[PDB]
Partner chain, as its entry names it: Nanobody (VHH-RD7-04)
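Shown below, as structure tokens, is a lone chain in the form solved without the partner chain; questions about how it binds or moves come after it.
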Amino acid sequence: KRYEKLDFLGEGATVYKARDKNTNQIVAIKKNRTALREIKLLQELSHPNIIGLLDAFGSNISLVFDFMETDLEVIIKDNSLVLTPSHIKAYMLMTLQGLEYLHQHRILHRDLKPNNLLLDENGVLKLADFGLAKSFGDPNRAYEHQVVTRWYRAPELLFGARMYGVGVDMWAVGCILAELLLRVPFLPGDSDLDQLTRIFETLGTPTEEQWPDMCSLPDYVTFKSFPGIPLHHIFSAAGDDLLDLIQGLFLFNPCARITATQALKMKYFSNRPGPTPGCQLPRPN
């Protein structure tokens, strides 16, 4: 009644474009117990790189956010675009500044993947779809457990961990970074077992030194030994500063794995070339 419905945008939920009658501004309208958890976590937060919940109303519920023009998946899949090292540095910087904020507020995203990083027409990247986000402390049930799509999913979750932390988001950011570099999914498992296969044959089956607790995980099972592939072989364009960020994000021990803040202090972010101005980031038609 306050927002002029315009164009359909998705079905998961159900999203629509709309024009607010008061300000005339363009927004996106998204239309349960976790529905309130979502509004709870979001009405709180304010960060340029986190989508901004502008309004809500009941009677299925309707979340009003700012319109976004595109997302990393679209960009990644757009052959017309060539991503430069500066482009990639920019996307990551914004992604990690948003994730550092979330984590400082003891929140896990738990569903980080390229289509959940949205971009506005000024090249501001924003984390979105907090339908799985939870406060760090909240417990994980066995049969209600919500887990990212398997290609971005961290090894501890594939081994059925119920106690976990930021490393689950940091792994997903590693898989996103790899996808920006290769322009295809990094680790495209065709099953949860095959997702681990792929992880180990790419990165090496973990030693006990690399991952002390691994064997005590609930769904731990014995895979063959794979040596893995050197990252400079996988990512042949990447400088040494980037290689070290990647390696940091893909450490098997979830407690050794690099945090958003540790990532952000990495030489990579202070080295030339600098991150593209948002207004210069590549745009699809």
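Positions refer to the first chain, counted from 1.
Just so it is clear, the following notes concern the form deposited with the partner chain bound, a form of the same protein that is not shown.
In the deposited complex, at least one heavy atom of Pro212 sits within 4.5 Å of a heavy atom of the partner chain. Heavy atoms of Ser80 never reach within 4.5 Å of the partner chain in the deposited complex, leaving it off the interface. Contact annotation: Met68 falls outside 4.5 Å of the partner chain in the deposited complex, judged by heavy atom distances. Residue contact with the partner chain in the deposited complex: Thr207 places a heavy atom within 4.5 Å of it.
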